[PDB]
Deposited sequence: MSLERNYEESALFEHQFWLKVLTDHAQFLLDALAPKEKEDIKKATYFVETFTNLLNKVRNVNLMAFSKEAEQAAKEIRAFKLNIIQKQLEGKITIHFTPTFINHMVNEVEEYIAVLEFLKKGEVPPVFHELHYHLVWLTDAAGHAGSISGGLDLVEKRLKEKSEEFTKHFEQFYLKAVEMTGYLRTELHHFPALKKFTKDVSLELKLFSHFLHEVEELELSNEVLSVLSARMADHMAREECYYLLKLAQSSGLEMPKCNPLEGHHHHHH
């Protein structure tokens, strides 16, 4: 039984860390010459770090401040995409990956709509999560693939296989969303789908933790980072959690808030 206080702390912690990550990633991905956007990214790193440090159980007002910041970084991201599409920026992220960051900040914002009214955010239909997080997981596996050294063939084959699986799941979710026009909103093919997707997310989380350990030990050749692998696995964990709650499955044993290495306790 979900309540305002715990739900709000959880969401704020989950999302404000993700956005702090985004800001850091963007920052390190900008070419040195991009002074103006580097100043913007640095501002976002400071802003989300401060907000995360401030989160506490006394919250409706905090959520309005969180929202305003979220809308701001959303605009920064879309501004970057806009310049990518016009050949006006050098940044080492592709437009789609930044497009996925935008999908993500918009999920926070949707949650903030409830939180700043003092309402518990509902658990949406399980297809809402699939339509958001499946392209996100595919992009995740895809960045891994693109980020590995030419010589990391086995690791690339593996992440290409995940990319393909998540893309195929996405197409299935698109069609199943169409089936909802029948006004039958839960039916056995949909419940089996969510279950098949959760198993794949379980396998992918395992792969992300391996990649994280490989990055931490410098045993993999790549332009990825342990922090990116940790970030991806926290997001897959949130997605699993929302699936388990929306669909009536076993809860996952993972923490969307914090990974097993990336902390100072």
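Several segments of the deposited sequence are absent from the coordinates, namely 1-3, 62.
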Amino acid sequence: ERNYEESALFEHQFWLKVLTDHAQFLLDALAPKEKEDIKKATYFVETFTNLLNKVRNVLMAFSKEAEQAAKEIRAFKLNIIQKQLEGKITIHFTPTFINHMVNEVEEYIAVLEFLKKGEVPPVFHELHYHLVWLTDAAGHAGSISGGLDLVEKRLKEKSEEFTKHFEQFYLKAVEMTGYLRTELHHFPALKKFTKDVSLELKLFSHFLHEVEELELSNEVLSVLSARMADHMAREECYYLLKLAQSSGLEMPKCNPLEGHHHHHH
From here on, numbers count along this sequence of modelled residues.
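Remark: stretch with higher mean C-alpha B factor among 195-203 and 219-227 is 219-227. Averaged over Cα atoms, the B-factor as recorded in the entry is higher for 249-257 than for the other of 21-29 and 249-257. Residue-level inspection of the entry shows that, of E167, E119, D149, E175, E119 has the top Cα B-factor. As recorded in the PDB entry, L184 shows the highest C-alpha B-factor of the residues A137, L184, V102, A189. For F124, the recorded CA B-factor ranks within the highest third of the chain. Only modelled residues enter the ranking. In the PDB entry, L155 places in the lowest third of its chain by CA B-factor. Looking at the C-alpha B-factors along this chain, the one for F48 belongs to the middle third. In this PDB entry, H130 carries a Cα temperature factor that places it within the lowest third of its chain's modelled residues. Ranked within its chain, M232 lands in the lowest third, by CA B factor from the PDB record.
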